[PDB]
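Comments concern the structure below.
Numbers and lists here come from the model and the stated rules, or from a named source; no laboratory instrument gave them. Neighbour counts are summed over all protein chains in view; Cβ atoms, including those assigned to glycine, are modelled from backbone coordinates with ideal geometry.
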Ligand code: BCL
Ligand code: BCL
Ligand code: BCL
Ligand code: BCL
Ligand SMILES: CC[C@H]1c2cc3[nH]c4c(c3C)C(=O)[C@H](C(=O)OC)c4c3nc(cc4[nH]c(cc(n2)[C@@H]1C)c(C(C)=O)c4C)[C@@H](C)[C@@H]3CCC(=O)OC/C=C(\C)CCC[C@H](C)CCC[C@H](C)CCCC(C)C
Ligand SMILES: CC[C@H]1c2cc3[nH]c4c(c3C)C(=O)[C@H](C(=O)OC)c4c3nc(cc4[nH]c(cc(n2)[C@@H]1C)c(C(C)=O)c4C)[C@@H](C)[C@@H]3CCC(=O)OC/C=C(\C)CCC[C@H](C)CCC[C@H](C)CCCC(C)C
Ligand SMILES: CC(C)=CCC/C(C)=C/CC/C(C)=C/CC/C(C)=C/CC/C(C)=C/CC/C(C)=C/CC/C(C)=C/CC/C(C)=C/CC1=C(C)C(=O)c2ccccc2C1=O
Ligand SMILES: COC(C)(C)C/C=C/C(C)=C/C=C/C(C)=C/C=C/C(C)=C/C=C/C=C(C)/C=C/C=C(C)/C=C/C=C(C)/C=C/CC(C)(C)OC
Ligand SMILES: COC(C)(C)C/C=C/C(C)=C/C=C/C(C)=C/C=C/C(C)=C/C=C\C=C(C)\C=C\C=C(C)\C=C\C=C(C)\C=C\CC(C)(C)OC
Ligand code: HEM
Ligand code: HEM
Ligand SMILES: [Ca+2]
Ligand SMILES: [Fe+3]
C-alpha cells in the first residue's frame, strides 16, 4: 500500500529554465516554455524551449517536404477527395518507381514523387543526426545517441541507398504508407525465402526483445528503488548508495550475477544499437546475397524436419 | 419553455467558459461532419448532375 | 417526480458537476452513435431510397 | 450456521464480502457463456425465436 | 492423525490456512469440473435429451 | 550448425562475425559490469558457472576517474573500499545463512534498513546552491496549480493513529518535483524528513498515510543535521530507515504467511 | 560468496508462503520456498526435454530424429486430444514440459517477491515480470482453451517454434493488419527507441567529454529540451519504459488471444468496420 | 484508427491441416459456417428422366448442344435451365414468344455457349470440378446475371490525368488491403506467371521483381478469400513454394487457375459482342469469372452438393 511511483501525485513549479547557456556559435534558444498539468502528471510538466541551429532548420525543412510530397501524391490518389482520403487513409500511400527505371530518375509520375520525397527523408533524417552530435557535445556531452542514431539510420539505409539501389530497383525500396509499408515487410519475407530463416533477422529479433526486456526491467528496478533515489542514477553512477545497493543485489540473489547502476545503462545502449545493426544486416544479405533463406537454412543443416501428413503434386513435372 | 423558466440556475454549476468554448467546437464539428456525411451518399451535388457537364462535355 | 420526495438525497453522494456534465457526453454520444447504427443499417433514409435519386437522373 | 458466526473475527468484513460479490459476477458471466457455446444456444437457434432463419431468409 | 492435530493452530494464524485452502478448493473445484466435462461425458453437449436443442 | 561442418557460402561467414564480436563485447560489459562492488567478500560459496575463475572471468577492469562537478573531489572505479560493520548475528554458521539484526533492528541498520555512507555534502544544483532543499529557501516555488497543497497534511502511521504532521515539502531547483516533506513529529516535536517515495497521498482527508513504520518510529527517524538542506550521506540515511519498517514495523511482515 | 557490500543485507526471513526453512543462499542466489521448486521443474524439463531431443519425430531411431538445436523441437499433441493429457510420445510429454515451465516462471516469479521483500525494496520488478509471464499463458493456455485444444498451442523448437507462428499467422493472411499486432508492435519499437536513448544519455553524462565534470540533470533535462524541444523528465524515463514494455507485452498478449477464438476472418477484413462507416 | 479485441465470441472452428503442432491450422466461426450452409443450399433436381423417345436433333428444328437427349430428358434441361437461371422471367427469357428454334436472343446464343461451358467443364476439368461438377445454379444461383462477375476494375478516381499506381486503396477484392485490388484481370483473365520463390538458396536465379510477388499476393489473397480458407489450407507457409510440402488442395487449385483462364479467355470473353452494355465494363468488357463467382466463399460451392450429377446433358459426349 505504498505510493508506487505511478503519476507524480502532487506537483510543483518554478520559472522556465532555458538550460545551461551555450558557447560562441550556438544561436539563441527559442520559445516561451509552457506547462501542462496532465503531461506533467507523468514527467517534467514544463514544455520547451527548443534549439534551432542551421541543420536544425536545414534538417526540419528537408523534413516537412517529403511529408509535403508523400503527403500530397497520397491525397491526390483518392482524387483530392479528403472524405475518402480520411477513409482509405491507412490504405493509401506513394509507391516507388516501376522496375524499368531501376535506378534512373523516374518520370514526374510513375514512382517519381517517391524518389523525390525519399531523398528528402534521406537527408533530413541524416541531417537530424547532425542536429544531435552537434547540439550534443556543444553541451560538453560525449556521443552515444549520435552513435546509436547511426546504427538505426544504418538500417534505414539498408532499406534504400545501400540495398534497393544495390540491386538496381527503384522498387526494392519500401513504399510509403502504413499499410503498404506494412505490406513491404510482408512482400519481402516472400520474394526471398522466408525471413524467419535469415539468422540476422531471427537475431535482430532477440534484441528487439531484450530491449523490450531490459529497459523494461531497469525501468522497474529503478522505480522499485526510486525511493532510495535510484532515479537519481546520475550520482549513483558516481557516489553509490543504498539505491544501487538494494537494486543490483536483487538480481544478485535472483539470476545470480549482476552489475552496476552504470553497466546496465550500457547493455541498454547496446542491445538497442545491436538491434538495428542486425536488422540492416539480414536485410542487406537478403537480396544481393542468399535469395531464399529457407533453402539457405536447411542447406546449412539449420531448417528443421517434421513428419508428413500432407503433401501435394507438381504440374510442371507430371504435366 | 416549460422548464426553461427555472433553468437559469444552470450557469451556476456549469462553468461559463467551459460550456461556451465547448459548443463552439461540437457545433463546429457536428456541422462539418453532417455536410461531409450527407454530401457523401445522399446528394453529392458536386459530382452528381447539373447544370452542365463541365467535365463530360468540356473534357471531351 | 414522486421519487423526488425521497430522491433529493442522491445529490449528497453524487457530485453535481461529475454527473451533470458527464451525462451530457453520454447523451451526445449514444445519440450520435444510434443514428450511426440505425442510419447505417435499418434504413439509410439518406442515400437509401426516396423520394428518388436526384443526382442519378440529373447526371445521365 | 449455529456456531458459524465466529468466523467473522478472522475473515475481514470488507475483503470477503465484495471479494465474493465479484466472484459471482465472473462465475455468472462465465456460466451463461460456457453453456451457450454448444449445449443449449437458446439465443439464435430455434422457434418461436426463429425470425432470422425464417424471416431474413 | 487428527487426535493430536489440535495443536496445529498454535503455530498458524486463522486467516492463514483458513482461506488459502478455500482458494485451493475453488481452483481445484472448477479445475476439475472442466477436465471431467471433457472426456467421460461431455454431458453439456453429448447426447440427449437434445429434443429442444435439436427438434427445437 | 550443431553437428559440425556442412554447407559453405559467403553470408554464413558474417553470421559467425557478429556472433563472435558479440561474445567479445559481452565480456567488455562483464568487466564494465564489475567496476563497483568488486571484488567479492566472503567464501560462503564459490563462483557458480562453467569456468569457476578466481574472481570473475573478465579480469577486473582498471580504475575509472570520475571528474565531479565544481568544488568536488574526484571519484574513481574500481576503488578499494574499507570493510564495514555487520550489526547482526548469523542465524546459522552455514554459508548462505541469514544474519539477525542485533538489538533493535528498526535502527540496527541492517538489510531491510541498512545503507552505505554516501558523502556528507549536500548535492548541489547546476551553478552552486544545493538541489534538494525545503520549501523554505524553496520560496521561489509554488504548488502545482491544482494539486492539493500538502503543507498542513497530518501524516498517519501505518498503524493508522496519527504521527505528527508536515511542514515544508522539499522541492528541487533541477526538476519541479516534490522529493521530501518536513514532518514535525508528535512526540519529538522535532523535524523528520518524509521521503515522498514512501508517502502515500490521501487528498480526500488531508492525510498522508505511510505504510512503512508505526507512528512512534517517527521518533527514531535519523535526525537531519541542518534543516535548510540535506547531504547525500543523509539523503540515503533518512530513507533506509523507513525502508526497514517494510520488514520490521511488525512481527507479522518479516515472518512468512504460509 | 557475497558482493563487496552484500554481506550486510542478507537478513533472516522475509519469505512469502513459508520458506523460513530453506531461507538461505547458494552462490549468489537466494533460495527460499520458490528457488527450491522452480529448480525441480527446471531439470524435470531442461532434461525431461532432453528425453524428447532423444526421442524425436518418429522415434529415437528415425533419421528424422536429430540433436541440432536448430532442428530439435518438442511438438504438442494433435488437436485430436482436445483438453486432455496426450501420450507423451504423441503429445503429453510436450504438455509435461509446458506443465513445468509454467511453475518454473511462477516460482522464480514469486521467489523474486520474497527477495523484493528481503532487500526491502519496491516490487515493480516481479509485477512487471508477471505480464511477461502471463503473455506466455495467454499464448499456450488462455487461447488453446477457447479452442478446446492443448495440442492447439505452440511447440518448443529452437527455431521450429518460428513456423508455428508463420502458419497461425497467415491463417488470417496479412496478420499485419491486426489492430493489436500493430500497436503491440509499435511498443516493442518505441521501447527500443527510448531505451536506445536513456541508457545512451546517461552513459553520455556520467562519462562525458574529455576533461569534463560528471554532468548534472541541469543538462539532461535540456539535452532533449533542445533537440526535440521537450524532455519527458528523468524520473519519467524509468516510467515510460516499464510502461511501453509492460504494455507491449500485455498488448501482444491480446494480439494472439483474440486471433482465432475471437476472430476467424482475415484481419485485413476486420479493418472493414472502418470503411463501411455511414459517412465516406 | 483504434485498438481492438476480436468481435467474435469463441470457440471457433478447428481443422488440423498439418502434423501435430506445426502450424497450418484453420479456424471458423460456427455461427457463420452455419448460416452460410443453411443459405448456400442446392435446389433439388427434377424428377426422374424419361429414358424413352428418339433424340432431339431429330424432332427439333435446331438443337446442337443437346441433340442426343430424349425429348423428355431434353425438356428437363429447359426447365432446369430456367429455375437455375431466370425463374422470374420464365421460358421467354431465353426464347421468343412462340417460335422456339429462334436464335434471335443473345441470351440464348450464350445460353448455348453456357452449355458448352458447363459440360466441357464437368467432363474435361473433373480434376478441379470433380464429381460435383457445376450447374447453372452455381454462378446464377436463382439469378439471370451472376452477382459474382468481374470487369477489370478501373481503379479509384484519377488526379488530373495522374494516378498510375494500382496498389494502394483497400478494396474487398482482396480481403481488404492496400494491394493491386485487381490481380484477376492480369491473372485470372490473362495468365501472368505466379511463381516467385527463388529455386536455389543463393542468388543468380529468380530475378523476379519483388513487386511481382507483390501481385501474386493480392491474387492469392482473393483466391484464399474466394474459397474462404487461410493460406494454410493450400500452403505450408514457410513453404509457399515447396509443393512436396504443400497440401493436396494446392495442385487442385493450380488447374482451376487455368480452367478459368479457359472459361474467360475462351467463353465469357468472345460472347461480349452479343452482350449489351449493361453487361459490359467501363474498359469495355465482359463480366468474366472469379473463383468467387462459383465458390462464393466456400470450398465446394454449396459445400460439395453435386447438382450437375443429376443431368446427363451436362457432360461432353
Ligand atoms: C432514426 C430515424 C430518424 C430519426 C429519429 C430520431 C429519434 C427517434 C430520435 C432522434 C434524435 C435526434 N436526432 Mg434524429 N432521426 C433522423 C434523422 C436525423 C438527421 C438527419 C440529417 O437525417 C439528423 C441531423 C438528426 C439529429 C438528431 C438530434 C437533433 C436528436 C438528439 C441527439 C441526442 O441524443 O442528444 C444528446 C444530449 C445532450 C447533450 C444532453 C442531454 C439533454 C438535457 C436534457 C439538456 C442539457 C441540460 C444541461 C445540463 C443544461 C445546460 C444547457 C447547455 C448544454 C449549456 N436526426 C431520421 C429521419 N432522431 C433524438 C431526439 O431528438 O430526442 C429529442 C431521438 O430520440
Ligand atoms: C442458461 C439457460 C437459461 C438461463 C439460466 C440461468 C440460471 C440457471 C441462472 C441464471 C442466472 C442469471 N441469468 Mg440467465 N439464463 C438464460 C438466459 C439469460 C439471458 C438472456 C438474454 O437470454 C440473460 C440476460 C440472463 C441473465 C441472468 C442474470 C440476471 C442472473 C445472475 C447472474 C450473476 O452472476 O449475478 C452475480 C451477483 C451479484 C453481483 C450480487 C449478489 C447477490 C446478493 C444476494 C444481493 C446483493 C446485496 C446488495 C448488497 C444489495 C444491493 C443490490 C445490488 C448488488 C446493487 N440469462 C437461459 C434462458 N440464468 C442466475 C440467477 O439469476 O439466479 C437467480 C442462475 O442461477
Ligand atoms: C461432473 C459430473 C457432474 C457433477 C459432479 C460434481 C461433484 C461430484 C461435485 C460437484 C461439485 C460442485 N459442482 Mg458439479 N457436476 C456437474 C455439473 C456442474 C455444473 C454444470 C453447469 O453442468 C455446474 C455449474 C457445477 C457446479 C458445482 C459447484 C456448485 C460445486 C462446488 C465447486 C467448488 O469446488 O467450490 C469450492 C469450494 C470452496 C469455496 C470452499 C469450501 C466451502 C467451505 C466449507 C465454506 C468456507 C468457509 C470459510 C472459512 C469462510 C468463507 C470465506 C470464503 C472462502 C471467501 N457442476 C456434473 C452433472 N459436482 C462439488 C460439490 O458441489 O460439493 C458440495 C462436488 O463434490
Ligand atoms: C506469422 C507471422 C506474422 C506474425 C505472427 C505472430 C504470431 C502468430 C504471434 C505474434 C506475436 C507477436 N508479434 Mg508478430 N508476426 C509477424 C510480424 C511481426 C513483426 C514484424 C516487424 O514483422 C513484429 C515487430 C511483430 C511483433 C510481435 C509482438 C507484438 C507479439 C509478442 C511477442 C512477445 O514478446 O511475446 C512475449 C512472450 C513471453 C514473455 C514468454 C516467454 C518468457 C518466459 C515467461 C520465460 C522463459 C524462461 C526459459 C524457458 C528459461 C531458460 C532460461 C533462458 C536463458 C531463457 N510481429 C508476421 C506478420 N506474431 C505473438 C503474440 O501476440 O503473443 C502475445 C504471437 O503469438
Ligand atoms: C534500435 C534503434 C531504434 C532507434 C534509435 C534511434 N532513433 C532515433 C535516435 C536513435 C538513437 C535519435 O537520435 C533520433 C532522435 O529522436 O533524436 C532526437 C531518433 C528518431 N527516431 C525516430 C523515429 C523512429 N525510430 C524508430 C526506430 C528506432 N530508432 C529503433 C527501434 C521508428 C520505428 C520504425 O519504429 C521510428 C518511426 C524519430 C522520432 C527520430 C528522428 C527524427 C528525424 O530524423 O527527423 C528529421 C526531421 C523531420 C522528420 C521533420 C519533421 C517536420 C515537423 C517538425 C513536423 C510537422 C508535422 C508533420 C509533418 C505531420 C503532418 C501534418 C501536415 C498536415 C503538415
Ligand atoms: C515485456 C516483458 C519482457 C520480459 C520481462 C521480464 N523477463 C524476465 C523478467 C522480466 C521483468 C524477470 O524478472 C526474469 C529475470 O530475468 O529475473 C532475474 C525474466 C526472464 N525472462 C526470461 C526469458 C525471456 N523473456 C522474454 C521476453 C520478455 N521478458 C519481454 C520482452 C523472452 C522472449 C522470447 O522474448 C525470453 C526467452 C528468462 C531468462 C527470465 C526468467 C527465468 C525463469 O524464471 O526461468 C525458470 C526456468 C528455468 C531456468 C529452467 C527451464 C526448464 C523448463 C521446464 C523448460 C521450459 C521450456 C520452454 C517453455 C521452451 C523454450 C523453447 C523455445 C525456443 C520454443
Ligand atoms: C551436453 C550439455 C552441456 C548439457 C547441459 C546439461 C546441463 C547444464 C543441465 C543443467 C540445467 C540447469 C539446472 C540450468 C540452470 C542453471 C542456472 C541456475 C542458470 C541461471 C539461469 C538464468 C536466469 C540466467 C540468466 C539468464 C540471462 C543471461 C538473461 C539475459 C537477460 C539480461 C541481458 C539480463 C541482464 C542481467 C544483468 C546485468 C542484471 C544486473 C542489473 C539490472 C538488470 C538492473 O536493472 C540494475 C539496476 C540498478 C543497479 C544495478 C542493476 C543490475 O546490476
Ligand atoms: C486601438 O484599437 C485597439 C488596438 C485597442 C483594439 C483593436 C482591435 C482590432 C484591430 C480588432 C480587429 C479585428 C479583426 C481584424 C477581425 C476580423 C474578423 C474576421 C475576418 C472575421 C471572420 C469571421 C468568419 C467566421 C466567424 C466564419 C465562420 C465559419 C463557420 C462557423 C463555418 C462552419 C463550417 C462548417 C460547419 C463546414 C463544414 C464543411 C463541410 C460541409 C465541407 O463538411 C463536410
Ligand atoms: C495533401 O497533403 C496535406 C497537405 C493534407 C498534408 C498531409 C500530409 C500527410 C498526412 C502525410 C502523411 C505521410 C505519411 C503517413 C507517410 C508514411 C510513411 C511511411 C509509413 C513510411 C514507411 C517506410 C519508409 C521508408 C523505408 C522509406 C525509405 C526511403 C528511402 C530509403 C529513400 C532513399 C532515397 C535516396 C537514397 C535518394 C538518393 C538520391 C538519388 C535517387 C538521386 O540517388 C540516385
Ligand atoms: C420452361 C420453359 C422452356 C421451354 C418450354 C423451352 C423449350 C425449348 C425447346 C422446345 C427447344 C428446342 C427448339 C428448337 O430449336 O427446335 C429449346 C431449346 C433451347 N432452349 Fe429452351 N425452353 C425453356 C426455357 C429455356 C430457358 C430458360 C433457357 C435459357 C437458358 C433455354 C435455352 C434453350 C437453348 C440454349 C436451346 C437450344 C438447345 C441446344 O442447342 O442444345 N430454354 N427450348
Ligand atoms: C492469402 C494467402 C496466400 C498467400 C500469401 C499465397 C502466396 C502464394 C505465393 C507467393 C505463391 C507463389 C510461390 C512460388 O512459386 O514462387 C503461391 C502459389 C500458389 N498458391 Fe498461394 N497463397 C495464398 C493462398 C492460397 C490458397 C488459399 C490456395 C488454394 C486454393 C493457394 C494456391 C496456390 C497455388 C496452387 C500456387 C501455385 C500455382 C500458381 O498460382 O502459380 N494459395 N501462393
Ligand atoms: Ca506496394
Ligand atoms: Fe536508468
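Only one of the numbered conditions (1) touching a helix residue (DSSP H, G or I) at 6+ places or on another chain (Cβ under 9 Å); (2) on the phi < 0 side of the Ramachandran plot is not met by residue A:229, and that is (2). Scanning the range G:21-52 for residues that are in contact with a strand residue (DSSP E or B) (Cβ under 8 Å, 6 or more places away or on another chain) and more than 30 Å from residue F:41 (Cβ to Cβ) returns G:49, G:52.
Here is a check on your reading of the model: is residue H:206 touching a residue at least 40 places away in the same chain (Cβ under 8 Å), within 25 Å of residue A:174 (Cβ to Cβ), in a loop (DSSP other than H, G, I, E, B) and more than 16 Å from ligand 4 (Cβ to nearest atom)? No.
If the condition is being in contact (Cβ under 8 Å) with a residue 60 or more places away in the chain, surrounded by fewer than 20 Cβ atoms within 10 Å (Cβ to Cβ) and assigned to a helix (DSSP H, G or I), then the range A:93-124 contributes A:99, A:101, A:123. Only residues that are at the interface with chain A (Cβ under 8 Å from one of its Cβ atoms) and surrounded by 16 or more Cβ atoms within 10 Å (Cβ to Cβ) were counted in the range H:166-211, giving 18.
When you check residue F:255 against the structure, is it in contact with a helix residue (DSSP H, G or I) (Cβ under 7 Å, 6 or more places away or on another chain) and at the interface with another protein chain (Cβ under 10 Å from one of its Cβ atoms), yes or no? Steps first, answer last, please.
Numbers: in contact with a helix residue (DSSP H, G or I) (Cβ under 7 Å, 6 or more places away or on another chain): no; at the interface with another protein chain (Cβ under 10 Å from one of its Cβ atoms): yes.
Judged against the criteria, residue F:255 is not a match.
Of all residues assigned to the range G:112-132, at least one qualifies as being within 11 Å of chain A (Cβ to nearest Cβ) and over 30 Å from residue F:242 (Cα atoms). For the range G:160-178, give me each residue that is touching a residue at least 40 places away in the same chain (Cβ under 8 Å), facing chain H (nearest Cβ under 7 Å) and within 21 Å of the chain's Cα centre (by Cα). Residue satisfying the conditions is G:168 alone. Just so you know, in the range G:253-269 the residues that are within 16 Å of the chain's Cα centre (by Cα) and within 9 Å of chain H (Cβ to nearest Cβ) include one that is nearest to ligand 8 (Cβ to nearest atom), and it is G:254. Looking across the range H:17-58, the residues that are part of a loop (DSSP other than H, G, I, E, B) and under 28 Å from residue G:271 (Cβ atoms) come down to H:17, H:18, H:23, H:24, H:25, H:27, H:28, H:29, H:40. So in the range H:237-258, with the set limited to residues that are more than 8 Å from chain A (Cβ to nearest Cβ) and surrounded by 17 or more Cβ atoms within 10 Å (Cβ to Cβ), which one is farthest from ligand 8 (Cβ to nearest atom)? Among them, the one singled out is H:241. Consider the range G:237-252 and keep the residues that are away from ligand 4 (no atom under 15 Å from the Cβ) and at the interface with another protein chain (Cβ under 7 Å from one of its Cβ atoms). The one that is nearest to residue G:178 (Cα to Cα) is G:241.
Check the range G:204-216 and report whether any residue there is assigned by CATH to the domain that holds residue G:264, closer than 22 Å to residue A:275 by Cα and touching a helix residue (DSSP H, G or I) at 6+ places or on another chain (Cβ under 8 Å). Yes, the range G:204-216 contains a residue that is assigned by CATH to the domain that holds residue G:264, closer than 22 Å to residue A:275 by Cα and touching a helix residue (DSSP H, G or I) at 6+ places or on another chain (Cβ under 8 Å). Tallying residues that are part of a helix (DSSP H, G or I), within 12 Å of residue A:257 (Cβ to Cβ) and more than 13 Å from ligand 7 (Cβ to nearest atom) within the range F:24-72 yields 0. Taking the range A:293-307 as the range and being in a loop (DSSP other than H, G, I, E, B) and within 7 Å of chain H (Cβ to nearest Cβ) as the test, the residues that pass are A:306, A:307.
Taking residue G:42, is it surrounded by fewer than 21 Cβ atoms within 10 Å (Cβ to Cβ) and part of a helix (DSSP H, G or I)? The answer is yes for residue G:42.
Within the range G:12-34, identify whether any single residue is outside any loop (DSSP other than H, G, I, E, B), touching a helix residue (DSSP H, G or I) at 6+ places or on another chain (Cβ under 6 Å), more than 7 Å from chain F (Cβ to nearest Cβ) and more than 24 Å from residue F:109 (Cα to Cα), and answer yes or no. No, the conditions are met nowhere in the range G:12-34. Taking the conditions (1) without any contact (Cβ under 8 Å) to a residue 40 or more places away in the chain; (2) within 14 Å of chain G (Cβ to nearest Cβ) in turn, residue H:17 satisfies each one other than (1). Kindly check whether there is at least one residue in the range B:31-48 that is outside any helix (DSSP H, G or I) and over 26 Å from residue C:58 (Cβ atoms). No: the range B:31-48 contains no residue that is outside any helix (DSSP H, G or I) and over 26 Å from residue C:58 (Cβ atoms).
Among all positions in the range A:214-228, there is at least one residue which is crowded, with 24+ Cβ neighbours inside 10 Å and under 13 Å from residue F:118 (Cβ atoms).
As a summary of the residue check, residue H:88 satisfies the conditions (1) out of contact with any helix residue (DSSP H, G or I) (no Cβ under 9 Å at 6 or more places or on another chain); (2) within 11 Å of ligand 10 (Cβ to nearest atom); (3) assigned to a helix (DSSP H, G or I) except for the one numbered (3). Restricted to the range H:173-195, and to residues there that are free of Cβ contacts under 8 Å to residues at least 40 places away in the same chain and more than 22 Å from residue H:269 (Cβ to Cβ), the residue that is nearest to ligand 5 (Cβ to nearest atom) is H:178.
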